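One structure is given below, encoded as structure tokens.
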Amino acid sequence: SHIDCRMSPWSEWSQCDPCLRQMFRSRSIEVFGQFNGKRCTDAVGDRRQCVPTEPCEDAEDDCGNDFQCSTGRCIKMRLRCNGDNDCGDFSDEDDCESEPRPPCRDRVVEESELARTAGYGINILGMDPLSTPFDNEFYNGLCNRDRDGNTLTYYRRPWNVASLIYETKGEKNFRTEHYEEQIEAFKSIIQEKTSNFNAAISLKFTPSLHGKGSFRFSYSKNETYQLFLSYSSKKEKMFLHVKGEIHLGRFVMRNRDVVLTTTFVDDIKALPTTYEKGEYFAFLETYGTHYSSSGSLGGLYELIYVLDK
Amino acid sequence: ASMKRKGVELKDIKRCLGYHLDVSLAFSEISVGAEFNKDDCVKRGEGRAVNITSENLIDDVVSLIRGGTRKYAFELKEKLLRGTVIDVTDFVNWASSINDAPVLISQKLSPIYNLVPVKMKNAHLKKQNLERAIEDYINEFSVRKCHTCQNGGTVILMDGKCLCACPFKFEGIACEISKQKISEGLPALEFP
Amino acid sequence: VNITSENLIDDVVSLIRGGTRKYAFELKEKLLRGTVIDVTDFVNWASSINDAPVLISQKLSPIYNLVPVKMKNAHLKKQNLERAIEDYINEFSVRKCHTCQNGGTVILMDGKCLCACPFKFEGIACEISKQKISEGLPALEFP
Ligand SMILES: *[C@@H]1O[C@H](CO)[C@@H](O[C@@H]2O[C@H](CO)[C@@H](O)[C@H](O)[C@H]2NC(C)=O)[C@H](O)[C@H]1NC(C)=O
Ligand SMILES: *[C@@H]1O[C@H](CO)[C@@H](O)[C@H](O)[C@H]1NC(C)=O
Ligand SMILES: *[C@@H]1O[C@H](CO)[C@@H](O)[C@H](O)[C@H]1NC(C)=O
């Protein structure tokens, strides 16, 4: 069935955004098409430039607390020239009047390719997790030691990540099954009938006059019937599978009081407030629908086998 | 598990009839004769057989390990599973391996609201406040509040998904379909 | 009358992830019908996965709880995305698409609302069976 896509319910133009300078011609998806017919990937949402009518007096102040960064974030207490990379390679440490006091004296190697990138944007309707939606390099104060791992090396745990375990868990499972079915039936039927008949009558008369008569008759018949019936059926089924997961590490992102990246904050700053489903659906695909509060770095493998007879 | 049943039926019937009639009359000479003979036999036969074999097999295996460096730990894992040759050096390496990266085995528990620092700003009120929270937390969401599975399937909770572990002899989700299955037999004559 | 019929069905599936691409798929080739489990490949797989890991278990949390507080319009945008995340999961899914035949599990891969048909059945739309059925004609041949 060539099922078409009834995918054009249009809505009314909403009010223009003064600060964002965008319109919200809305739409909605109704029918996909279950068969080989016309594929329709038409995304929901529409934008348009509009002349702003409101003065746009509302603005984001620079936190009114301390030195503003070059992107919009703020120093809490010690984001000065103390080896704390938050904004850029030399953005925060641009002005260094005092001596470059190191925040930590011990040799602690940076988290290389490990759970450092703890942000993930998995889509429940989509696929495997996405990249990090927030900044995971900034740290608040004194380095928190991570003296664990396979070898003898010290890693760093960012202030955004609340925990980082190095448990090398490992497990596996296997299963098997066998089904068997057999049925046989034999039938045999035989019929036999035999028929024979005789008829003899003789006549003689002699009271010259003489008379002689003799009748003879025979009959032979048999009908043999034979019937044979046989039936046989066999069925077999096998089901077996195995799965294994080699766990490497585990982390738990801090829920509240966490720092974000300049790219995501700019998206939230340049974001509408009149329920723009079009941009929100567009913004939803960029950073996923929901992030991961706790993950498990590692890898798993699985094997599945089926058989039917 | 195995099941076998056999049934054999045989039926045979024979029945025949015999009749002989002969009449001769004599009476000047007159001769009258008569001869009637009847023969009829009947045979009936019937046969039936029943042969049904059924067998079921179930096997399950599971294992787990943790601790030590990843090299020595899983070298023990590969050789323990169906290896049948326990080595002397791998267990000694496992001893030095676990010394570097250990993990919990036995854990004695204690509530967090007892760990709050005393003589703080509002320590006591926050202490009992988290006490109400920790009591509500364990009683807010759990298997107790979810729905019960079928066929005694142990219900678990893994981040919203309230799945139930179904037994070995039974099939997967919702424990609805059995997958024992059941054998069907039709002795009807084939149409074509 | 002599009629014999036999049917056979076999299916196999496997997957793997993590570790460097050299050691990972070296494990893949030897596991599939290899029947000879090596000692060095699993040890190499141990060091391989240490370099490039991947998610196994993932605890989930909504995004609208991650929005920074005390922003310009944080609260109104928070509940606004809350209405969006609720509508998003309920806007397009298998629930709104059409149901397949013969209990075929329906999936959704970027618009294509295909349905996975069982093993004993044939492909798309689960219409044709492909069991097929045996036909017998005892008629005398014309020529
Ligand atoms: C039903 O019939 C099967 C026929 O396969 C029996 O299995 C044996 O089969 C061999 C070869 O076909 C015969 O030589 C044996 O005589 C059969 N065994 C017996 C005991 O007759 C099977 O045993 C029969 N009964 C059941 C319950 O399956
Ligand atoms: C005639 O009679 C004989 C003897 O009783 C019998 O065996 C036979 O079946 C009868 N019918 C014939 C010969 O057709
Ligand atoms: C019935 O007739 C068939 C035909 O030849 C013969 O083979 C068989 O022996 C006969 N049976 C009896 C009981 O006369």
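Numbering of chain C is taken from Swiss-Prot, so the residues present carry the numbers 414-556, in order.
Each Cβ is built from the backbone N, Cα and C atoms, and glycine gets one as well.
Per Swiss-Prot, these features apply:
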DISULFID  C:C510-C:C526  disulfide bond
DISULFID  C:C513-C:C528  disulfide bond
DISULFID  C:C530-C:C539  disulfide bond
DOMAIN    C:510-540  domain 'EGF-like'
CARBOHYD  C:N415  N-linked glycosylation site
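Shown on the structure are the features that Swiss-Prot records.
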residue : record                      : CB count, 10 Å
C:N415  : N-linked glycosylation site : 4
C:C510  : disulfide bond              : 18
C:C513  : disulfide bond              : 21
C:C526  : disulfide bond              : 22
C:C528  : disulfide bond              : 22
C:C530  : disulfide bond              : 20
C:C539  : disulfide bond              : 17
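Cα-Cα distance from C:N415 (N-linked glycosylation site) to C:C526 (disulfide bond): 45 Å (rounded to the nearest whole number).
With an 8 Å limit on C-beta distances, the recorded positions from C:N415, C:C528, C:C530, C:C539 that reach chain A are C:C528. The 6 Å Cβ screen around ligand 2 retains nothing from the recorded positions C:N415, C:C510, C:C513, C:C526, C:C539. A Cα-Cα distance of 7 Å separates C:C513 (disulfide bond) from C:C539 (disulfide bond). Under the three-state DSSP scheme, C:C526 (disulfide bond) falls in the coil class. C:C539 (disulfide bond) sits 16 Å from C:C510 (disulfide bond), taking the CA atoms of both as reference points. Distance noted between the C-alpha atoms of C:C530 (disulfide bond) and C:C510 (disulfide bond) is 16 Å.
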